[PDB]
Amino acid sequence: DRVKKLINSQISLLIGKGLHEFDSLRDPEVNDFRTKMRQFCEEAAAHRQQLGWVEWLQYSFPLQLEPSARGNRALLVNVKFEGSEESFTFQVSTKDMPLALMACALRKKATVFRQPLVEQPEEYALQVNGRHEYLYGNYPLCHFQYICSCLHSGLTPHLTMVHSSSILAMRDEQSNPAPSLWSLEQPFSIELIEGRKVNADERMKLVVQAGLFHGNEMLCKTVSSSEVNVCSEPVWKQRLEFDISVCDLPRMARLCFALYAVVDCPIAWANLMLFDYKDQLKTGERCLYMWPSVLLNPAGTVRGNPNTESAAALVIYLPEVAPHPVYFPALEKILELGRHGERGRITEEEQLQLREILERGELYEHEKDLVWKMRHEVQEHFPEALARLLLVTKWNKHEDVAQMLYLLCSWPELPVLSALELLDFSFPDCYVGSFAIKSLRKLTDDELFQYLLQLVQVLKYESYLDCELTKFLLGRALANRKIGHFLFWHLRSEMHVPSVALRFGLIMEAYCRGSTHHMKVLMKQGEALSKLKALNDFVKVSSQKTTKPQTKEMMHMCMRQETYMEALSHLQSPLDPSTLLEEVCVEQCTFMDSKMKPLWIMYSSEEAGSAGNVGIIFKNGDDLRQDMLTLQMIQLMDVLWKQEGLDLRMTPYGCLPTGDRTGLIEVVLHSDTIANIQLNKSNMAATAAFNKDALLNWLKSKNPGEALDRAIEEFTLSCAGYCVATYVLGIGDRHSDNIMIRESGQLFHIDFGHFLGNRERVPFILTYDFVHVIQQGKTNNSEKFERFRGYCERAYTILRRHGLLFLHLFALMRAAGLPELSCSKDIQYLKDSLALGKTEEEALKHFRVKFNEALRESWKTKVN
Ligand SMILES: COc1ncc2cc1NS(=O)(=O)CCN(C)Cc1ccc3c(c1)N2CCO3
């Protein structure tokens, strides 16, 4: 008590939902989750508080390595010892490991301080100055992202020697405070009693459409009520009998409802699991608080609408199918039934038919019959074809499900790629999901981080609160502070969505039990975001009444207040926990002229020097979820290309929704839009004789002498990357104001509100302004242009080879409820852009035709 009461009030404020609201529900599923997950997260907390000092560096500052390093050249480094003004600058090689650098700094200190030190290089770690980032382990310096960045930008790495006792003092201070169905052969049936708080046109009639689903797949035909006159409280009091026995209902069977008005006018929909969280087949009266429709929705949540006051409610009755409670058979009873079967002793000709269709993904009924018959052969010689076999399994026949389950329980572990496919709502079985998680345990923290966003969306397909995916995500989050950081923010940003608020709020509470210190760290971030919202509202009001210089001076005065200076300063960035947002640079803060007046907040850090000069963009009113997905997809391409030794110098900057139409974007400094550069302002070092000269002149002024060639090369590489990225993703609405260029020459895209050709197929784009720079400012430079076409081809063929990874990830994102990622049609776009139904030669020929057709469109600007 007292500390417990304080933690409870801090979790409530952090998650944006009072913990008392969980207790008011009086829900045993909610109560069992809270107790079990608190227990699981506190065990993780205790494991962590006793980690070795290097293990605790791995928890708190996971290594940031180059994609080529996962799984020569001279370098100048600056090293100081913790809390010392004195630093040493020395020459090392990119091939040297941190230990060699540390042993060298220790020899330098020993000679300066005139004593042979007690300390060995094994006792230290190198912190990147003013950053929550460390260099450690047996990796050459070039394999670290920080060193790599310093090399490309020519800057000097600045490192601090941190002794193991100082790391241990970090661990210690951050501590959690001290403490039988199968005999029921009758057809499935329900009583549709009545409707409540129903709003519809009195000239029409009300109908309830009802279906039995196992994921998206129907277990039998849909059934409908009789038409009853429209009113607030319609009364059906009728029996709805489905064509499927009670014994054949799979574990993950859901009963789906849709209420509508007819002369079709959709009103509401509601779903429920037929078995509870404790495997008991549901009986008795159920009051279903319906969700308003935008006709059956099986992917929809199986929990009632919390707004009980305004929601239309359907009252149903689940009949007593037995005198005693009926539970779903345990795994031992399932195995014993499915263990008995017949193996596919079939001809060598039909074996060639099977091999063909398993390596080939829709298939004709006779092929489904053959796949099912040859299921033993599928397990033994094609284990990666599990997803195809699971789709041919008859989920409405309990004996077929037992036979599938028996094979799954002895199925070998699958690659991460195959596992991600199995998390799709198309594989709704709980043992399948459990198996998918089992095959994902081998994900590295870097891979997990790359797919975290999609795994969090998968939580919306879960039928129960306590699931293997929640346990997996919590355990990985409590084992890695960066995973924990982003898991929190992905959950927090959806607390305003009623369908997920309970599930997401419960996961965040469990996590907080696991890391009291991190809760306080995220509270610091939440307080800055609260002040940014109040600051932005002020700007939106102030900007409609006065001029921008007046609103800017006001925003500054508001920021200069004690409460603002305190809340806005000294925090870890929500976009990147490695980034410390130290002193807010009020004078450099401003806002944009657009409708929502986004804020531009600048920071500085004495300790980080030039690297501490960072900015964040705060947006309130705009929805940044699609931008975040596109930027994560661009970053994925960048990793995939770097794994083949192809660095296209991309700028996948941070973008993170943090709340309801609220989020942050990472400022990329030393950059300007193509439109600003092309405005061709007079009395500037870039003023052009021809508007086409503007970008190159601007590049010339920023990169004098020999630096220009490096800048043209960076432009060319990034240009090839973004031409491929925008084409594959179907990024449209591309204009001079949503294309940026860095002083280094790097081109990058911004504002991804429209993707996947949003509906019209986006053609490959090539601009003459960009062609002019690639060609070093020459009319004819085929050597340079075709070297650019080589980069686009190479980048495109690498992406194609990971085509299925993009497909599986985008299929998982359908759960996000993004207006441009709703159906199969939206993903056909990525299937076409990657030309996945073709050979590498057929696809490359298609890309060439698409690139050439974009070169002719480009020449309509050149001709003038
Ligand atoms: C979806 O919106 C955005 N996406 C990316 C960027 C900015 C915005 N919005 S904005 O701040 O209103 C436009 C700022 N404009 C000066 C151009 C600019 C400059 C630097 C940027 C940037 C936009 N990005 C993120 C990277 O850093």
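Note that these values count all heavy atoms, side chains included, but never hydrogens, waters or copies made by symmetry. In this chain, residues are counted from 1 in sequence order.
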Above 12 or not: heavy atoms from other molecules or residues under 6.0 Å from OH of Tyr139?
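Not buried by this count: 12 neighbours or fewer within 6.0 Å.
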Should we count CZ of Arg441 as having more than 12 external heavy atoms under 6.0 Å?
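Yes, enclosed.
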Which residue in the set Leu818, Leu729, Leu809, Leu624 passes side-chain contact (heavy atoms from CB on, under 4.5 Å) when paired with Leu629?
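Exactly one candidate clears the test, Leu818.
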Out of the candidates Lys482, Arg476, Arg481, only one should pair with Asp445 under the salt bridge (charged side-chain N to carboxylate O under 4.0 Å, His left out) rule; please name it.
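For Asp445, the salt bridge (charged side-chain N to carboxylate O under 4.0 Å, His left out) test succeeds with only one of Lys482, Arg476, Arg481, which is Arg476.
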Is the gap between the ring centers of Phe591 and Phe618 under 6.0 Å?
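No, ring centres 6.0 Å or more apart.
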Does the separation of the ring centres of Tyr829 and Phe755 fall below 6.0 angstrom?
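Centroid distance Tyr829-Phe755: not below 6.0 Å, so no.
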Could you grab the distance from atom CZ of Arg492 to atom CG of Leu522, nearest 0.5 Å is fine?
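Between atom CZ of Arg492 and atom CG of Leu522 there are 10.5 Å.
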Who pairs with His518 by side-chain hydrogen bond (donor to acceptor under 3.5 Å, both in side chains), at least two apart in sequence or on another chain?
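By the side-chain hydrogen bond (donor to acceptor under 3.5 Å, both in side chains) rule, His518 matches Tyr511.
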Taking only residues two or more places apart in sequence, or in another chain, which ones meet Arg794 in a side-chain hydrogen bond (donor to acceptor under 3.5 Å, both in side chains)?
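Listed in chain order: nothing, the list is empty.
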Polar side-chain atom of [X] near backbone of [Y] as donor-acceptor pair, under 3.5 Å:
| X | Y | answer |
| --- | --- | --- |
| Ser822 | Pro819 | yes |
| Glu714 | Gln746 | no |
| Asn703 | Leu708 | no |

Give every donor-acceptor pair under 3.5 Å between a side-chain atom in residues 631-643 and any protein atom, sequence neighbours left out.
residue: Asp638; atom: OD2; partner: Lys642; partner atom: NZ; Å: 2.7
residue: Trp641; atom: NE1; partner: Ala795; partner atom: O; Å: 2.8

Salt-bridge present (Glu447, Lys442; N to O < 4.0 Å)
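Answer for the salt bridge query: no.
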What class does the angle between the rings of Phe785 and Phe788 fall in, given that below 30° is parallel, 30 to 60° is tilted and above 60° is perpendicular?
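Geometry flag for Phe788 against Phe785: tilted rings.
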Where does the angle between the aromatic ring planes of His132 and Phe61 fall among parallel (under 30°), tilted (30 to 60°) and perpendicular (over 60°)?
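It falls in the perpendicular class, over 60°.
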Would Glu793 and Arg848 count as a salt bridge (charged side-chain N to carboxylate O under 4.0 Å, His left out) if you check the C-alpha gap in whole Å, the side-chain angles of each, and the deciding distance to 0.1 Å?
CA-CA 8 Å; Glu793 289 190 24; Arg848 271 164 200 170; 2.8 Å; yes
Can you name the one residue among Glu666, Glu133, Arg131 that meets side chain to side chain donor-acceptor pair (under 3.5 Å) with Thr579?
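Checked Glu666, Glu133, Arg131 against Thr579; only one passes side chain to side chain donor-acceptor pair (under 3.5 Å): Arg131.
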Working for ring pair (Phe, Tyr, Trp, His ring centres under 6.0 Å), residues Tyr727 and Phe851:
CA-CA 10 Å; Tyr727 171 67; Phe851 182 105; over 10 Å; no
